[PDB]
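Below you will find one chain, with nothing else, as structure tokens; this is the form deposited in one PDB entry, and questions on how it binds or moves follow later.
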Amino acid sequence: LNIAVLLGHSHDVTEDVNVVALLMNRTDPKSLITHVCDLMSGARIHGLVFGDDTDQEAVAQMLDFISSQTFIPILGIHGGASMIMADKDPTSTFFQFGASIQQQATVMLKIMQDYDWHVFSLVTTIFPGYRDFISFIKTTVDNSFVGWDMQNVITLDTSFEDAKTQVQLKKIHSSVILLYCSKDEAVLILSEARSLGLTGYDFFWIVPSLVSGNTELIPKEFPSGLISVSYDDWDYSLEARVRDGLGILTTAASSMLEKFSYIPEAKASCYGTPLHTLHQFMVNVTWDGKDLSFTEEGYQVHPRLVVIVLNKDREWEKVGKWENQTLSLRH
């Protein structure tokens, strides 16, 4: 019934259903808790649709924590709230509009297959998720046919001295490079690879959405011709994201009208349990053309995956699409 929408100043956005719209550019842990708790007390909210303008992945960590304490369904729509890293707490109702690491690697492998990029090297840090990324593309290459010659994976550590990252980076001897690390670490790795002559057009760097992140904040250390798989598709308008988020909640509310005969009233206050929540009837929702169903881990099943390249004008160019029929449609 009563739903709130929190967004940032990005993408130029200015404003049964009882939507409460607000906009603030403070996304620290205290500001996130304060907004949601002050929204819960003073407005019996049954669901939240959140988005921000930063690359802070820990915002999704805070929203999941708030959702398990307030019992409020929260939908990460844009920014760090939509970055997939930690698995959703089972006792929470926090879901995000994004893809998993294995879903991006399937697209990354599909790109290399269609361009006969069989020989490739692997470059990862000790950042969480690297062993998941290595294990997936290794088993997918070892048994199933998408890569032929994969150089042994190179492990890095951006926190160490440049000399340490430089000595380890020269071991790459392949034209295609899969680079998995944080966006903060990528600024340092790609700025040093440029000094080693490894960011030219005779090399193809493919990075997941953990490196690209926001399609709006592009660091200058990203070399021209950087290939990435991201889900902040600028054509997936922010106006449409909240429409999909609202559609999931309203459908989950009407589907919770009969199995139980009510809608869970908002909690009394954060500052000094329900028999039924909207946890079910929400992970299995179809709205308009595509199904917006989630997984128990938190991420989407059929996400808006897209392939982007960094133009020489310091801009991202959309040259691929995967969301259609589980196939890669290059341009």
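Residues that one form lacks are left out of the comparison. Start at 1 and count along the sequence shown; that's the residue number. Think of the rigid core as the biggest set of C-alphas that the two forms share within 1.5 Å after superposition.
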Inset, instruction - Answer with none, 1 to 3, 4 to 9, or 10 or more: how many deposited residues between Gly289 and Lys290 are not present in the coordinates. - result: none
Inset, instruction - Pick one of none, 1 to 3, 4 to 9 or 10 or more for the number of deposited-sequence residues not modelled between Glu15 and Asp16. - result: 10 or more
Inset, instruction - Look up the CA B-factors in the entry and say which stretch, 109-117 or 195-203, has the higher mean. - result: 109-117
Legend entry - Stretch with the greater mean C-alpha B-factor as recorded in the entry, comparing 293-301 against 55-63: 293-301
Legend entry - Peak C-alpha temperature factor (PDB record), options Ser159, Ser100, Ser224, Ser135: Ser159
Inset, instruction - Going by the CA temperature factor in the entry, name the top one among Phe95, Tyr180, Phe71, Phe260. - result: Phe260
Legend entry - For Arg26, the third of its chain into which the C-alpha B factor falls: middle
Legend entry - Relative C-alpha B-factor of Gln104, binned into the chain's lowest, middle or highest third: lowest
Legend entry - Chain third (lowest, middle, highest) by recorded CA B-factor, residue given as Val123: middle
Inset, instruction - Could you look up the Cα B-factor of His173 in the entry and say which third of the chain it sits in: lowest, middle or highest? - result: highest
Legend entry - For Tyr236, the third of its chain into which the C-alpha B factor falls: highest
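We do not show the form deposited in another entry, though everything after this point is about it.
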Inset, instruction - Align on the core first; then indicate which of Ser182, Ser255, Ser174, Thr158 has a CA shift of 2 angstroms or more between the shown form and the other one. - result: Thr158
Inset, instruction - Would you tell me if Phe145 moves between the shown form and the other one by 2 Å or more at its C-alpha, with the rigid core held superposed? - result: yes
Legend entry - Cα separation of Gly147 and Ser135 in that other deposited form versus here, shift of 3 Å or more: farther
Inset, instruction - Kindly list the runs, ordered along the sequence, of 3+ consecutive residues whose C-alpha shifts are all 2 Å or more between the shown form and the other one once the two forms are aligned on their core. - result: 10-15, 145-147, 157-161
